[PDB]
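Visitor: Enclosed is the structure file model-v4.csv (CSV, C-alpha atoms).
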chain,number,residue,atom,x,y,z
A,546,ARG,CA,15.4,9.9,-16.3
A,547,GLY,CA,14.8,7.7,-19.3
A,548,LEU,CA,16.9,4.9,-17.8
A,549,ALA,CA,15.2,5.7,-14.4
A,550,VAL,CA,11.9,4.1,-15.5
A,551,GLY,CA,13.7,1.6,-17.7
A,552,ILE,CA,15.7,-0.2,-15.0
A,553,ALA,CA,12.6,-0.2,-12.8
A,554,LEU,CA,10.6,-1.8,-15.6
A,555,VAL,CA,13.2,-4.5,-16.6
A,556,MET,CA,12.1,-6.3,-13.4
A,557,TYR,CA,8.4,-6.8,-12.8
A,558,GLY,CA,6.8,-9.0,-10.2
A,559,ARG,CA,9.9,-10.9,-9.1
A,560,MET,CA,8.8,-10.4,-5.4
A,561,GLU,CA,12.2,-11.4,-3.9
A,562,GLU,CA,14.6,-11.6,-6.8
A,563,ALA,CA,15.3,-7.8,-7.1
A,564,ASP,CA,16.5,-7.1,-3.6
A,565,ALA,CA,20.2,-6.9,-4.4
A,566,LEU,CA,19.4,-4.3,-7.1
A,567,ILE,CA,16.7,-2.7,-4.8
A,568,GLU,CA,19.3,-2.1,-2.1
A,569,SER,CA,22.1,-1.0,-4.5
A,570,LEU,CA,20.0,1.7,-6.2
A,571,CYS,CA,18.9,3.2,-2.9
A,572,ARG,CA,22.4,3.5,-1.5
A,573,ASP,CA,23.9,5.6,-4.3
A,574,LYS,CA,24.4,9.3,-4.1
A,575,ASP,CA,22.6,10.0,-7.5
A,576,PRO,CA,19.2,11.3,-6.6
A,577,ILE,CA,17.6,10.1,-9.8
A,578,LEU,CA,19.0,6.7,-9.3
A,579,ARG,CA,17.6,6.6,-5.7
A,580,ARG,CA,14.3,7.7,-7.2
A,581,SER,CA,14.5,4.9,-9.8
A,582,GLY,CA,15.0,2.4,-7.1
A,583,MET,CA,11.7,3.5,-5.6
A,584,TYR,CA,10.0,2.8,-8.9
A,585,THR,CA,11.7,-0.6,-9.0
A,586,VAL,CA,10.5,-1.7,-5.5
A,587,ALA,CA,7.0,-0.7,-6.7
A,588,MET,CA,7.1,-2.8,-9.9
A,589,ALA,CA,8.6,-5.9,-8.3
A,590,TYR,CA,6.1,-6.0,-5.5
A,591,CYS,CA,2.8,-5.2,-7.3
A,592,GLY,CA,-0.3,-6.3,-5.5
A,593,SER,CA,1.5,-7.8,-2.5
A,594,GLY,CA,1.0,-6.8,1.1
A,595,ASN,CA,4.6,-7.1,2.0
A,596,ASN,CA,5.5,-5.4,5.3
A,597,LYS,CA,9.1,-5.3,4.2
A,598,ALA,CA,8.0,-3.3,1.2
A,599,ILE,CA,5.9,-0.7,3.0
A,600,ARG,CA,8.4,-0.3,5.8
A,601,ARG,CA,11.4,0.3,3.5
A,602,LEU,CA,9.4,2.3,0.9
A,603,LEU,CA,8.1,4.8,3.4
A,604,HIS,CA,11.2,5.1,5.7
A,605,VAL,CA,12.9,6.9,2.8
A,606,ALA,CA,9.6,8.9,2.2
A,607,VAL,CA,10.1,10.7,5.5
A,608,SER,CA,13.9,10.8,5.8
A,609,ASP,CA,15.3,11.6,2.4
A,610,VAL,CA,16.7,15.0,1.4
A,611,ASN,CA,15.7,15.4,-2.2
A,612,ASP,CA,12.1,16.1,-2.8
A,613,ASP,CA,11.7,14.3,-6.1
A,614,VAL,CA,12.6,11.0,-4.5
A,615,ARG,CA,10.1,11.8,-1.7
A,616,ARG,CA,7.4,11.9,-4.3
A,617,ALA,CA,8.2,8.6,-6.0
A,618,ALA,CA,8.3,7.0,-2.6
A,619,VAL,CA,4.8,8.1,-1.8
A,620,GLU,CA,3.7,7.5,-5.4
A,621,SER,CA,4.8,3.9,-5.1
A,622,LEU,CA,2.2,3.4,-2.3
A,623,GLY,CA,-0.7,2.6,-4.7
A,624,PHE,CA,1.3,0.2,-6.8
A,625,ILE,CA,1.7,-2.3,-4.0
A,626,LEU,CA,-1.7,-1.9,-2.3
A,627,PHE,CA,-4.1,-1.6,-5.2
A,628,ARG,CA,-5.6,-5.0,-4.6
A,629,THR,CA,-6.9,-4.1,-1.2
A,630,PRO,CA,-8.2,-0.5,-1.4
A,631,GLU,CA,-9.3,-0.3,2.2
A,632,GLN,CA,-5.8,0.5,3.5
A,633,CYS,CA,-4.8,3.4,1.1
A,634,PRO,CA,-7.2,6.0,2.7
A,635,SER,CA,-5.9,5.1,6.1
A,636,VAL,CA,-2.2,5.4,5.3
A,637,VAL,CA,-2.0,8.4,2.9
A,638,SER,CA,-4.5,10.7,4.8
A,639,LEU,CA,-1.9,11.9,7.2
A,640,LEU,CA,0.8,12.2,4.6
A,641,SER,CA,-1.6,14.4,2.6
A,642,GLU,CA,-1.2,17.1,5.3
A,643,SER,CA,2.6,17.4,5.3
A,644,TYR,CA,4.6,20.5,5.4
A,645,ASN,CA,6.2,20.3,1.9
A,646,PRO,CA,4.0,20.1,-1.2
A,647,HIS,CA,6.0,17.3,-2.8
A,648,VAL,CA,4.8,14.8,-0.2
A,649,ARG,CA,1.3,16.3,-0.6
A,650,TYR,CA,1.5,15.9,-4.4
A,651,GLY,CA,2.4,12.2,-4.4
A,652,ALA,CA,-0.1,11.7,-1.6
A,653,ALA,CA,-2.8,12.8,-4.1
A,654,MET,CA,-1.8,10.5,-7.0
A,655,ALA,CA,-1.4,7.6,-4.6
A,656,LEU,CA,-5.1,7.9,-4.1
A,657,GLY,CA,-5.6,8.0,-7.8
A,658,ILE,CA,-3.8,4.7,-8.5
A,659,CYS,CA,-4.7,2.6,-5.4
A,660,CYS,CA,-8.4,3.1,-5.6
A,661,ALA,CA,-8.5,2.9,-9.3
A,662,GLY,CA,-12.1,3.1,-10.6
A,663,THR,CA,-14.1,2.5,-7.5
A,664,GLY,CA,-16.8,4.6,-5.8
A,665,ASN,CA,-14.6,4.7,-2.7
A,666,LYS,CA,-15.8,8.2,-1.5
A,667,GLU,CA,-13.3,8.2,1.4
A,668,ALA,CA,-10.5,9.1,-1.1
A,669,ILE,CA,-12.9,11.7,-2.4
A,670,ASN,CA,-13.4,12.9,1.1
A,671,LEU,CA,-9.7,13.4,1.3
A,672,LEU,CA,-9.3,15.1,-2.1
A,673,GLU,CA,-11.7,17.9,-1.2
A,674,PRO,CA,-9.2,20.2,0.5
A,675,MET,CA,-6.5,18.9,-1.8
A,676,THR,CA,-8.0,20.6,-4.8
A,677,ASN,CA,-8.3,23.8,-2.7
A,678,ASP,CA,-4.6,24.0,-1.9
A,679,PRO,CA,-2.6,27.2,-2.1
A,680,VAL,CA,0.2,25.6,-4.1
A,681,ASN,CA,-0.6,25.2,-7.8
B,11,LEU,CA,-23.0,-34.0,21.0
B,12,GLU,CA,-22.2,-33.8,17.3
B,13,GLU,CA,-21.2,-30.2,17.6
B,14,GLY,CA,-20.8,-30.0,21.3
B,15,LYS,CA,-17.6,-32.1,21.1
B,16,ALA,CA,-16.6,-30.0,18.0
B,17,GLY,CA,-17.3,-26.7,19.7
B,18,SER,CA,-14.9,-27.3,22.6
B,19,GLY,CA,-12.2,-29.1,20.6
B,20,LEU,CA,-11.6,-27.5,17.2
B,21,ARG,CA,-13.6,-24.3,17.5
B,22,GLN,CA,-12.5,-23.4,21.1
B,23,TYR,CA,-9.0,-23.6,19.7
B,24,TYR,CA,-10.1,-20.8,17.3
B,25,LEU,CA,-12.3,-18.9,19.7
B,26,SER,CA,-9.4,-18.7,22.2
B,27,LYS,CA,-7.0,-17.7,19.4
B,28,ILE,CA,-9.0,-14.9,17.9
B,29,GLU,CA,-9.7,-13.4,21.3
B,30,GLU,CA,-6.3,-11.8,22.1
B,31,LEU,CA,-5.9,-11.1,18.4
B,32,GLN,CA,-8.9,-8.9,18.8
B,33,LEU,CA,-7.5,-7.4,22.0
B,34,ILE,CA,-4.3,-6.2,20.4
B,35,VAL,CA,-6.1,-4.6,17.4
B,36,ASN,CA,-8.4,-3.1,20.0
B,37,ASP,CA,-5.3,-1.8,21.8
B,38,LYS,CA,-3.2,-0.5,18.8
B,39,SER,CA,-6.0,1.6,17.4
B,40,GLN,CA,-6.1,3.5,20.7
B,41,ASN,CA,-2.3,3.8,20.5
B,42,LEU,CA,-2.4,4.8,16.8
B,43,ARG,CA,-4.8,7.7,17.2
B,44,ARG,CA,-2.6,9.1,20.0
B,45,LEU,CA,0.3,9.1,17.6
B,46,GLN,CA,-1.8,10.7,14.9
B,47,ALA,CA,-2.8,13.8,16.8
B,48,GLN,CA,0.7,14.2,18.3
B,49,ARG,CA,1.9,14.4,14.7
B,50,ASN,CA,-1.0,16.7,13.9
B,51,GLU,CA,0.1,19.2,16.6
B,52,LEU,CA,3.8,19.4,15.5
B,53,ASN,CA,2.9,19.6,11.8
B,54,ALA,CA,0.5,22.5,12.6
B,55,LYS,CA,3.4,24.2,14.3
B,56,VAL,CA,5.8,23.9,11.3
B,57,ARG,CA,3.4,24.9,8.6
B,58,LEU,CA,2.5,28.0,10.6
C,71,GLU,CA,12.6,21.4,10.8
C,72,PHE,CA,10.8,22.8,13.8
C,73,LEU,CA,14.2,23.7,15.3
C,74,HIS,CA,15.3,25.2,11.9
C,75,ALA,CA,12.1,27.3,12.0
C,76,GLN,CA,12.7,28.7,15.5
C,77,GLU,CA,16.3,29.5,14.7
C,78,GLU,CA,15.5,31.4,11.5
C,79,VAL,CA,12.8,33.3,13.4
C,80,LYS,CA,15.3,34.1,16.1
C,81,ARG,CA,18.0,35.4,13.8
C,82,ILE,CA,15.8,37.8,11.9
C,83,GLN,CA,16.1,40.3,14.8
C,84,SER,CA,19.8,40.3,15.7
C,85,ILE,CA,20.7,42.8,13.0
C,86,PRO,CA,21.2,46.6,12.6
C,87,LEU,CA,17.5,47.5,13.1
C,88,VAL,CA,16.1,50.8,12.2
C,89,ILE,CA,13.8,52.6,14.7
C,90,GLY,CA,10.4,54.0,13.9
C,91,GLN,CA,7.4,54.6,16.1
C,92,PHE,CA,4.2,52.5,16.2
C,93,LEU,CA,1.2,54.3,14.8
C,94,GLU,CA,-1.9,52.2,14.4
C,95,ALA,CA,-2.9,48.6,14.5
C,96,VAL,CA,-5.3,47.3,11.8
C,97,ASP,CA,-6.0,43.8,13.0
C,98,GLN,CA,-4.2,40.6,14.1
C,99,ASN,CA,-0.5,40.5,13.0
C,100,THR,CA,-0.6,43.5,10.7
C,101,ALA,CA,-0.3,47.2,11.6
C,102,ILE,CA,0.8,50.8,10.5
C,103,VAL,CA,4.2,52.0,11.7
C,104,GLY,CA,5.9,55.2,10.7
C,105,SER,CA,9.7,55.3,10.5
C,106,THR,CA,12.1,57.9,11.7
C,107,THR,CA,13.2,58.2,8.1
C,108,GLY,CA,9.8,59.8,7.5
C,109,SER,CA,7.7,58.0,4.8
C,110,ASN,CA,5.1,56.2,6.9
C,111,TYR,CA,4.6,52.5,6.1
C,112,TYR,CA,2.3,49.6,6.4
C,113,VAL,CA,3.9,46.2,7.2
C,114,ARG,CA,3.3,42.9,8.8
C,115,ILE,CA,4.1,42.4,12.5
C,116,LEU,CA,5.4,39.3,14.3
C,117,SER,CA,3.8,36.6,16.5
C,118,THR,CA,6.4,37.0,19.2
C,119,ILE,CA,5.5,40.4,20.7
C,120,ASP,CA,2.7,40.5,23.2
C,121,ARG,CA,0.3,43.0,21.7
C,122,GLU,CA,-0.3,44.9,24.9
C,123,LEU,CA,2.8,47.1,24.4
C,124,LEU,CA,1.6,48.9,21.3
C,125,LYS,CA,-0.9,51.2,22.9
C,126,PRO,CA,-1.1,54.0,20.4
C,127,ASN,CA,2.6,54.7,20.7
C,128,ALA,CA,5.9,53.0,21.2
C,129,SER,CA,9.3,53.3,19.7
C,130,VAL,CA,9.7,50.1,17.7
C,131,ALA,CA,12.4,48.1,15.9
C,132,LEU,CA,12.1,47.5,12.1
C,133,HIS,CA,14.0,45.4,9.6
C,134,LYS,CA,15.7,47.3,6.8
C,135,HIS,CA,14.4,45.6,3.7
C,136,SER,CA,11.3,43.6,4.7
C,137,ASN,CA,10.5,46.5,7.0
C,138,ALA,CA,8.3,44.4,9.3
C,139,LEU,CA,7.9,44.9,13.0
C,140,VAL,CA,10.7,43.1,14.8
D,138,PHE,CA,-7.8,-34.0,12.7
D,139,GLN,CA,-9.8,-37.2,13.2
D,140,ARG,CA,-12.0,-35.1,15.5
D,141,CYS,CA,-12.2,-32.7,12.5
D,142,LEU,CA,-13.3,-35.7,10.5
D,143,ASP,CA,-15.8,-36.5,13.2
D,144,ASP,CA,-16.9,-32.8,13.1
D,145,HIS,CA,-18.6,-33.4,9.7
D,146,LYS,CA,-17.6,-29.8,9.2
D,147,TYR,CA,-14.3,-29.7,7.2
D,148,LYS,CA,-13.5,-26.0,7.0
D,149,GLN,CA,-12.3,-26.4,10.5
D,150,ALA,CA,-10.2,-29.3,9.2
D,151,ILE,CA,-8.8,-27.2,6.3
D,152,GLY,CA,-7.5,-24.5,8.6
D,153,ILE,CA,-4.9,-26.5,10.5
D,154,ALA,CA,-4.1,-28.4,7.2
D,155,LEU,CA,-2.8,-25.2,5.6
D,156,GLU,CA,-1.1,-24.1,8.9
D,157,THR,CA,1.3,-27.0,9.3
D,158,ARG,CA,2.2,-27.1,5.5
D,159,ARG,CA,0.9,-30.7,5.1
D,160,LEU,CA,-0.8,-31.5,1.8
D,161,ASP,CA,-2.1,-35.1,1.8
D,162,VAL,CA,-4.4,-33.9,4.6
D,163,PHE,CA,-5.3,-31.2,2.1
D,164,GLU,CA,-6.1,-33.8,-0.6
D,165,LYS,CA,-8.2,-36.0,1.7
D,166,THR,CA,-10.6,-33.2,2.9
D,167,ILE,CA,-11.6,-32.5,-0.7
D,168,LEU,CA,-11.6,-36.2,-1.8
D,169,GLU,CA,-13.7,-37.0,1.2
D,170,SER,CA,-17.3,-38.3,1.2
D,171,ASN,CA,-20.0,-36.3,-0.6
D,172,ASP,CA,-20.0,-33.1,1.6
D,173,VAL,CA,-20.0,-30.1,-0.7
D,174,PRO,CA,-17.3,-30.8,-3.4
D,175,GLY,CA,-17.1,-27.1,-4.0
D,176,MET,CA,-14.7,-26.8,-1.0
D,177,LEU,CA,-12.1,-26.3,-3.8
D,178,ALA,CA,-13.9,-23.1,-4.6
D,179,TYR,CA,-13.4,-22.0,-1.0
D,180,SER,CA,-9.8,-23.2,-1.1
D,181,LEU,CA,-9.0,-21.4,-4.4
D,182,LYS,CA,-10.2,-18.0,-3.1
D,183,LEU,CA,-8.4,-18.8,0.2
D,184,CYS,CA,-5.1,-19.3,-1.8
D,185,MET,CA,-5.9,-16.4,-4.0
D,186,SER,CA,-6.6,-13.7,-1.4
D,187,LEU,CA,-4.4,-14.3,1.6
D,188,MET,CA,-1.4,-16.3,0.5
D,189,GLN,CA,1.8,-14.3,1.1
D,190,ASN,CA,4.5,-16.8,0.1
D,191,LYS,CA,4.8,-18.1,-3.5
D,192,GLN,CA,7.1,-21.0,-2.7
D,193,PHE,CA,4.4,-23.5,-1.6
D,194,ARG,CA,1.6,-21.5,-3.1
D,195,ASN,CA,2.0,-23.1,-6.5
D,196,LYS,CA,2.4,-26.5,-4.8
D,197,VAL,CA,-1.0,-26.1,-3.1
D,198,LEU,CA,-2.2,-24.6,-6.4
D,199,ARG,CA,-1.0,-27.7,-8.3
D,200,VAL,CA,-2.3,-30.2,-5.8
D,201,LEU,CA,-5.6,-28.6,-6.6
D,202,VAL,CA,-5.3,-29.3,-10.3
D,203,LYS,CA,-4.7,-33.0,-9.5
D,204,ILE,CA,-8.3,-33.2,-8.3
D,205,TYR,CA,-9.6,-30.9,-11.1
D,206,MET,CA,-8.2,-33.4,-13.6
D,207,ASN,CA,-9.7,-36.2,-11.5
D,208,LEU,CA,-13.0,-34.3,-11.4
D,209,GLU,CA,-15.6,-35.2,-14.1
D,210,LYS,CA,-15.3,-32.2,-16.4
D,211,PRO,CA,-11.8,-30.7,-16.7
D,212,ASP,CA,-12.1,-27.5,-18.8
D,213,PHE,CA,-13.9,-24.7,-17.1
D,214,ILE,CA,-12.1,-22.7,-14.4
D,215,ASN,CA,-9.0,-24.7,-13.4
D,216,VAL,CA,-6.8,-23.6,-16.3
D,217,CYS,CA,-7.1,-19.9,-16.2
D,218,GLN,CA,-7.3,-19.7,-12.4
D,219,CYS,CA,-4.3,-21.9,-11.6
D,220,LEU,CA,-2.1,-22.8,-14.5
D,221,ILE,CA,-1.5,-19.2,-15.6
D,222,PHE,CA,0.0,-18.6,-12.1
D,223,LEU,CA,1.8,-22.0,-12.5
D,224,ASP,CA,2.9,-20.8,-16.1
D,225,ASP,CA,2.9,-24.2,-17.7
D,226,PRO,CA,2.6,-23.6,-21.5
D,227,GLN,CA,2.5,-27.1,-22.9
D,228,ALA,CA,0.2,-28.4,-20.1
D,229,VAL,CA,-2.4,-26.0,-21.5
D,230,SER,CA,-1.7,-26.9,-25.2
D,231,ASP,CA,-2.0,-30.6,-24.6
D,232,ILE,CA,-5.2,-30.6,-22.6
D,233,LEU,CA,-6.9,-28.2,-25.0
D,234,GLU,CA,-5.8,-30.5,-27.9
D,235,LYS,CA,-7.6,-33.2,-25.8
D,236,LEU,CA,-10.7,-31.0,-25.7
D,237,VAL,CA,-10.7,-30.7,-29.5
D,238,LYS,CA,-10.1,-34.4,-29.8
D,239,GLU,CA,-13.4,-35.5,-28.4
D,240,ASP,CA,-15.1,-33.0,-30.8
D,241,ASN,CA,-15.8,-30.4,-28.2
D,242,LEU,CA,-15.2,-27.0,-29.8
D,243,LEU,CA,-17.7,-25.1,-27.8
D,244,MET,CA,-16.0,-24.8,-24.4
D,245,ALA,CA,-12.5,-24.8,-25.8
D,246,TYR,CA,-13.7,-21.8,-27.7
D,247,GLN,CA,-14.6,-20.3,-24.4
D,248,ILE,CA,-11.3,-21.0,-22.5
D,249,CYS,CA,-9.2,-19.5,-25.3
D,250,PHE,CA,-11.0,-16.1,-24.9
D,251,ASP,CA,-10.6,-16.3,-21.1
D,252,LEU,CA,-6.9,-17.2,-21.6
D,253,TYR,CA,-6.2,-14.2,-23.9
D,254,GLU,CA,-7.9,-11.7,-21.6
D,255,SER,CA,-6.2,-12.8,-18.4
D,256,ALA,CA,-2.8,-14.3,-19.1
D,257,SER,CA,0.3,-12.4,-20.3
D,258,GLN,CA,2.6,-12.1,-23.2
D,259,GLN,CA,5.2,-14.9,-23.8
D,260,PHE,CA,2.9,-17.4,-22.0
D,261,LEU,CA,0.5,-17.2,-24.9
D,262,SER,CA,3.5,-17.0,-27.3
D,263,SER,CA,4.9,-20.2,-25.7
D,264,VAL,CA,1.7,-22.2,-25.8
D,265,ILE,CA,0.9,-21.3,-29.4
D,266,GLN,CA,4.3,-22.7,-30.4
D,267,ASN,CA,3.2,-25.9,-28.8
D,268,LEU,CA,-0.1,-25.6,-30.5
D,269,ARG,CA,1.2,-26.2,-34.0
D,270,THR,CA,3.5,-29.1,-32.9
Could you write out this structure as structure tokens?

Guide:
Amino acid sequence: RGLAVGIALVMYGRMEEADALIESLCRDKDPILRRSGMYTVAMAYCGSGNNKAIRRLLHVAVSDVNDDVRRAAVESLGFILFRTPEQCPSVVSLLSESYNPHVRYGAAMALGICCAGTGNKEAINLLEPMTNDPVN
Amino acid sequence: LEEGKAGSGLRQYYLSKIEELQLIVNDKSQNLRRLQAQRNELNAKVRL
Amino acid sequence: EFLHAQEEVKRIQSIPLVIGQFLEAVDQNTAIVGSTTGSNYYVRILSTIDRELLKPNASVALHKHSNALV
Amino acid sequence: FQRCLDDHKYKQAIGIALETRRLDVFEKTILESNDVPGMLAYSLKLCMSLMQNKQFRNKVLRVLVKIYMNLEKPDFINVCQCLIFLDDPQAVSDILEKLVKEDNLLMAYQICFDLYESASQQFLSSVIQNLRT
């Protein structure tokens, strides 16, 4: 877990230059190392509206079998979309009503990082039943 | 026609271009909200 | 996961059920049933059974441990 | 494009000029006659906001700084809006040494603050090495 964030943070804003490592970390059978590849595709594509990012980053958010990697998928949403905060309420609102809490957790902190310090009030409109959840 | 020749030559290129680009976005939002509620039904099943 | 849910709901009933008799219905999906072991109980009931077969009285099927209407 | 020159409105001209990846047509629309020389301020935000690629982005960003150097006053915005993306250390150090050289320590004093707030580590470490040269 210490080397999870570390190899994600050794590359930062390379925007195409990570994709051999991006693909290699996602394929492996280590769940932490798949999780670390999701942080890596966040930190290499910060503030870019790449369709190739948001496709590949969210395909594993639905499909993957460990739940910790499902969080760090949907936690990486705000790191690539923080520059345009109009899109993050529209894309996380339906993931905030999933069946498992791990998707619903990283849905909430995706709102916290995409809309950083604005008076968005649409993210606040989403967080009202989120703070009234059964799961702690 | 200072602008009348400019309206039909270099703006009508844009006005014709942004027309169908509006029509697809007008189309997909209809198609998207259909996909939203169909996911809303099945998720309301499974959580129950 | 929707097919996993219907399977697990389905295979909660094919089991050596115990038989008690229905006694009273509180509300939606919860009721009072008394077993034929004695020792009257109070358990949840399903969503499968149409509720018009529980008039005051019916012999009913019950899980061993969870003891719910089956 | 000659009809876009005959338009007298040149934002219509600058649209196609960035579509077909041609850049002398880009340079001529800002080094045109006196029709709002702050078209570069439109073009900077146009390259800031909605440029996806980075391969020709710096090229359009550095054909901007050719006209900023050819503008009357160099200092103000062009360095910390363009060159920090273009990460040229010694280009900053030399032209700021130029700004000290005409005894202008008031706006060089400004641009160093704006450089430290915006730009990153190892770009400031690289330029301060070329400071003391």

Visitor: Record the distance separating CA of residue 192 in chain D and CA of residue 228 in chain D, expressed in Å with one decimal.

Guide: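 Computing the Euclidean distance for CA of residue 192 in chain D and CA of residue 228 in chain D yields 20.1 Å.
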
Visitor: Got a sec: who's within 12 Å of residue 604 in chain A, counting all atoms listed in the file, leaving out chain neighbours fewer than 2 positions off, as a list in words?

Guide: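 Skipping anything fewer than 2 positions along the chain leaves residues 571, 583, 596, 597, 598, 599, 600, 601, 602, 606, 607, 608, 609, 614, 615, 618 and 619 of chain A.
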
Visitor: Give as an mmCIF file with C-alpha atoms, in the coordinates of the input the set of residues within 6 Å of the point (-9.0, -29.8, -20.5), where distances use the file's coordinates and all atoms listed in the file.

Guide:
data_model
loop_
_atom_site.group_PDB
_atom_site.id
_atom_site.type_symbol
_atom_site.label_atom_id
_atom_site.label_comp_id
_atom_site.auth_asym_id
_atom_site.auth_seq_id
_atom_site.Cartn_x
_atom_site.Cartn_y
_atom_site.Cartn_z
ATOM 1 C CA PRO D 211 -11.800 -30.700 -16.700
ATOM 2 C CA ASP D 212 -12.100 -27.500 -18.800
ATOM 3 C CA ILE D 232 -5.200 -30.600 -22.600
ATOM 4 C CA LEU D 233 -6.900 -28.200 -25.000
ATOM 5 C CA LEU D 236 -10.700 -31.000 -25.700
#

Visitor: Write out as a PyMOL selection string each polymer residue whose atoms come within 10 Å of residue 86 in chain C, counting all atoms listed in the file; drop sequence neighbours fewer than 4 positions from it.

Guide: chain C and resi 131-134

Visitor: Output C-alpha atoms for every residue in the selection just made, as a short mmCIF file (atom, residue, chain, number, x, y, z; two decimals), keeping the file's coordinate frame.

Guide:
data_model
loop_
_atom_site.label_atom_id
_atom_site.label_comp_id
_atom_site.auth_asym_id
_atom_site.auth_seq_id
_atom_site.Cartn_x
_atom_site.Cartn_y
_atom_site.Cartn_z
CA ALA C 131 12.40 48.10 15.90
CA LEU C 132 12.10 47.50 12.10
CA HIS C 133 14.00 45.40 9.60
CA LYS C 134 15.70 47.30 6.80
#

Visitor: Check which residues of chain A sit at most 12 Å from chain B using only C-alpha atoms, and return one row each with the closest pair of atoms and their distance in Å to one decimal, ordered by chain and rising number, as a Markdown table.

Guide:
| residue | atom | partner | partner_atom | distance |
| --- | --- | --- | --- | --- |
| A:635 | CA | B:46 | CA | 11.2 |
| A:636 | CA | B:46 | CA | 11.0 |
| A:638 | CA | B:46 | CA | 10.5 |
| A:639 | CA | B:46 | CA | 7.8 |
| A:640 | CA | B:49 | CA | 10.4 |
| A:641 | CA | B:53 | CA | 11.5 |
| A:642 | CA | B:53 | CA | 8.1 |
| A:643 | CA | B:53 | CA | 6.9 |
| A:644 | CA | B:57 | CA | 5.6 |
| A:645 | CA | B:57 | CA | 8.6 |
| A:646 | CA | B:57 | CA | 10.9 |

Visitor: Could you give me, as a PDB file with C-alpha atoms, in the coordinates of the input, the residues within 12 Å of residue 577 in chain A, counting all atoms listed in the file and dropping anything in the same chain fewer than 2 positions from it?

Guide:
ATOM      1  CA  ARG A 546      15.400   9.900 -16.300  1.00  0.00           C
ATOM      2  CA  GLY A 547      14.800   7.700 -19.300  1.00  0.00           C
ATOM      3  CA  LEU A 548      16.900   4.900 -17.800  1.00  0.00           C
ATOM      4  CA  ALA A 549      15.200   5.700 -14.400  1.00  0.00           C
ATOM      5  CA  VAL A 550      11.900   4.100 -15.500  1.00  0.00           C
ATOM      6  CA  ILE A 552      15.700  -0.200 -15.000  1.00  0.00           C
ATOM      7  CA  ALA A 553      12.600  -0.200 -12.800  1.00  0.00           C
ATOM      8  CA  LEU A 570      20.000   1.700  -6.200  1.00  0.00           C
ATOM      9  CA  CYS A 571      18.900   3.200  -2.900  1.00  0.00           C
ATOM     10  CA  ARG A 572      22.400   3.500  -1.500  1.00  0.00           C
ATOM     11  CA  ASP A 573      23.900   5.600  -4.300  1.00  0.00           C
ATOM     12  CA  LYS A 574      24.400   9.300  -4.100  1.00  0.00           C
ATOM     13  CA  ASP A 575      22.600  10.000  -7.500  1.00  0.00           C
ATOM     14  CA  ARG A 579      17.600   6.600  -5.700  1.00  0.00           C
ATOM     15  CA  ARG A 580      14.300   7.700  -7.200  1.00  0.00           C
ATOM     16  CA  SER A 581      14.500   4.900  -9.800  1.00  0.00           C
ATOM     17  CA  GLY A 582      15.000   2.400  -7.100  1.00  0.00           C
ATOM     18  CA  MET A 583      11.700   3.500  -5.600  1.00  0.00           C
ATOM     19  CA  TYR A 584      10.000   2.800  -8.900  1.00  0.00           C
ATOM     20  CA  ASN A 611      15.700  15.400  -2.200  1.00  0.00           C
ATOM     21  CA  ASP A 612      12.100  16.100  -2.800  1.00  0.00           C
ATOM     22  CA  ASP A 613      11.700  14.300  -6.100  1.00  0.00           C
ATOM     23  CA  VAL A 614      12.600  11.000  -4.500  1.00  0.00           C
ATOM     24  CA  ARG A 615      10.100  11.800  -1.700  1.00  0.00           C
ATOM     25  CA  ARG A 616       7.400  11.900  -4.300  1.00  0.00           C
ATOM     26  CA  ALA A 617       8.200   8.600  -6.000  1.00  0.00           C
TER      27      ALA A 617
END

Visitor: Determine, counting all atoms listed in the file, which protein, DNA and RNA residues have an atom within 9 Å of an atom of residue 130 in chain C; residues of the same chain fewer than 4 positions away are not included. Present the result as a list in words.

Guide: residues 88, 89, 90, 91, 92, 103, 105, 124, 139 and 140 of chain C

Visitor: Which one is closest to residue 101 in chain C: C:129, C:120, C:76, C:138? Count all atoms listed in the file.

Guide: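 So, comparing all the options, the nearest one is C:138.
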
Visitor: To one decimal in Å, tell me the separation between CA of residue 17 in chain B and CA of residue 156 in chain D.

Guide: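 Between CA of residue 17 in chain B and CA of residue 156 in chain D the gap works out to 19.6 Å.
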
Visitor: Do you have the CA of residue 563 in chain A-CA of residue 590 in chain A distance handy?

Guide: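 CA of residue 590 in chain A lies at a distance of 9.5 Å from CA of residue 563 in chain A.
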
Visitor: Using only C-alpha atoms, find which residues of chain D lie within 10 Å of chain A and jot them down as a VMD selection string.

Guide: chain D and resid 186 to 191

Visitor: As a ChimeraX atom specification, could you give me every residue of chain C near chain B (at most 8 Å apart, counting all atoms listed in the file)?

Guide: /C:71-72,75

Visitor: May I have the residues of chain B within 7 Å of chain D, counting only C-alpha atoms, written as a JSON list (two decimals) with C-alpha atoms, keeping the file's coordinate frame?

Guide:
[["chain", "number", "residue", "atom", "x", "y", "z"],
["B", 12, "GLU", "CA", -22.20, -33.80, 17.30],
["B", 13, "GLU", "CA", -21.20, -30.20, 17.60],
["B", 16, "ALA", "CA", -16.60, -30.00, 18.00],
["B", 20, "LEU", "CA", -11.60, -27.50, 17.20]]

Visitor: Got a sec: who's within 12 Å of residue 244 in chain D, counting all atoms listed in the file, leaving out chain neighbours fewer than 3 positions off, as a VMD selection string?

Guide: chain D and resid 210 to 214 233 235 to 237 239 to 241 247 to 251
